[PDB]
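This document opens with one chain alone, in structure tokens, the form deposited in one PDB entry.
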């Protein structure tokens, strides 16, 4: 039907099948498809997700025009992904003016001043992490990274978002833990979302039936859980609070006001954005450290230098360690878990000599651009020196976009980096991580819609 747009514009791309587009080319995942397309179609190419035209762009100037320059005018919203319900008020899903209102009311919550006030909290569960990690080391068994880092992320969110201070690895089946553990990422190549892509006309049907991609058990629990602590346990209390909920509650005190429904929407999305992301990235970081022990030692030397004798990490301490920042950044280059930055074109626009039709999804292949031979040397190699002070200025901010760019970039980039580094400091201060017999030395990525290892990463943990 609409599979004639990219031919009439002279834009190359794979030839679309009726009713399906190039969806069948996702048999090797999102990232492998963009890598191959980049090789055989050049700098700009197009494809169809069902009947949805998608234009991929790789020019840094064009990317900056979409993400930064023309963000408010045209490239304001992302691609709608499915039946959302009340979660349509989340900032990552909001569109047009409501997003601008929500971005304004939530930006002060992510101030670096607020992050510093949350450092003692997430450092508390860094200590909790090594205690439970020492148990897994004294057991002498290969440790699964997703489980220890998952529980650390659980502790961080439940404390920094609501204030429920609870250990998670040794205290499962807790009400908050059991439900928030169900807020798992969306595999957009699974049967449901693949069917949704082929039948986008069924999304209105699912919405009126009150069928939502977010599990209703988790959403209704958290809206009630917020309700019990929003007023029934907060107004009858004069203690100080530092969690995200309190900062959003205080926003309601004095655009417009955050609806109590809107507040629950943002609180859930911060959990959904922060739970498996940190865990996946931290797992990826420990993989590169173990397979390259030279950088693990140098990082352990730098950490022990700034913090002698396992000194408590602090906000100003973390910003000082630059080899830690190099390791984090280089992992995010190899594994940008978003895999893709997408914007929806609200009107006919010509940018950088290219005409973009209305309704086309403009996509930035972050995984492909991070491994392009044009801008990177030995792209498959883990070389943290790329982000050294001497060499970290040759990198274009629009070819390396792990947290996105422009006004719609990750609002929790500082929180994520501070949280992940704080774990890396405490964990490395007390343990050394080495490969196992069960460890996959040539780590293979999944073929689904998530940037995750094929088999779970397992490593050997020894106390220093």
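Throughout, rigid core stands for the largest set of C-alpha atoms superposing within 1.5 Å between the two forms. Residue numbers count along the first chain shown, from 1.
From this point on, the text means the form deposited in another entry, which you will not see here.
Here the two forms are overlaid on the core, and between the shown form and the other one the C-alpha of 222 is the only one among 318, 222, 94, 295 to shift by 2 Å or more. Once the rigid core is overlaid between the shown form and the other one, residue 190 counts among the residues whose Cα shifts by 2 Å or more.
Once the rigid core is used as the reference frame, the Cα position of residue 181 differs between the shown form and the other one by 2 Å or more.
The Cα shift for residue 450 between the shown form and the other one, taken after rigid core superposition, is 2 angstroms or larger. In the other form, the CA atoms of residue 335 and residue 191 move apart by 3 angstroms or more relative to this form. Relative to the displayed conformation, the Cα-Cα distance from residue 270 to residue 448 shrinks by 3 Å or more in the other form.
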